[PDB]
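For reference, the chain that follows is the form deposited in one PDB entry, supplied as structure tokens.
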């Protein structure tokens, strides 16, 4: 596999061309997932509001336990990028990462469903909503090892620098997901109506199809890399070392976010609904920085593996400036046109005003988020996965949650947590920039 080297004095537009080629397929992958989940929500709402509640609770808890996938994703992803940059054969990384992903899926396969329903009992779901959720989750947990394996293929491609092939798989996966769920929920074309169980099968069947395509490309075209059947315990242990802080950051971020949202829950259903609407609107801004973050791990990792440290820094700094310009635009749009963006979601005047204030406050923070996304990705590509764990969790609690806790005792307004959200985002970018300079300085 050929590397994506960035030369220390490469012109700006030639670096961006490489960044955009990597980043656009990941942004597409992410936006297909957003569109699919929106369509899947409408399909389930054709059943009953208890069905919507069951899948709503299910998806949030599934998102939590999916933190585990970051372990096998990150270890495989980082090491393949570094090996490609060092001109080493990455085939051992691919096979051990897939086996590791399969292994860590097994506790979720054997007892993840009970754990989810257990953690659903807690949130105050009726036993009817939990009984529907158990039907929805049954096919999902039957094939959760397939989900782990396809997520690790995704990481192998991305680290290898071929983000287009997972985008191709994602297009087919997402049509299969929507077509299956639509067919099995409504019982279309002389097929039995399965209810929420049909929405679950849509996830399982699309994952099985993704896995078959990945495996077909592996056996017959040698994937990103040829298949070699040999486990290497030293690589398994290195992948665990790399991926464990990433899995932990995702799990702890979700818990921290639950705490923070509770601050808005105390303002009533309308402030809470506006926060959610503002979040899903803000996440089209999110996916851009998230895709270039993926791309930053590939670029940083490959150039780090090549010991091309000056070119690695050049790639990261150029990427960061470019993504901060793009998100200056998306942020400007959030500040200027919030009533247009909110309009498709609700018509409650009072909800429109809160969500619009949310979008405006956070739109200021979009360029900072771009900086945090890219420096985080660059540190992961260097193998420093414990650094985004420390930066993200310490920033979240010290500059967002705890200041909100104390000032909300004096100022009873949702603008308080929302204002600290944008303050913390700016602080966290400065934090990442500071640590990145010191890390790169020792490297140079």
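Numbering follows the first chain given and starts at 1. By rigid core we mean the largest C-alpha set that fits within 1.5 Å across both forms.
Same protein, other form: the form deposited in another entry, not shown, and the subject of what follows.
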**Study point:** Core-superposed comparison between this form and the one not shown: the option from 294, 100, 129, 316 whose CA moves 2 angstroms or more
**Key:** 129
Review point. Is residue 230 one of the residues whose Cα moves 2 Å or more between this form and the one not shown, with the core superposed?
Key: yes
Check your understanding: Relative to the superposed rigid core, does the CA atom of residue 272 travel 2 Å or more between this form and the one not shown?
Key -> no
**Study point:** residue 306: Cα shift of 2 Å or greater between this form and the one not shown (core-aligned)
**Key:** no
Point to revise | Relative Cα spacing, residue 123 and residue 70, in the other form - shift of 3 Å or more | key: farther
Study note, to complete from the structure: Cα of residue 84 vs residue 230, shift of 3 Å or more in the other form, relative to this form: the pair sits closer
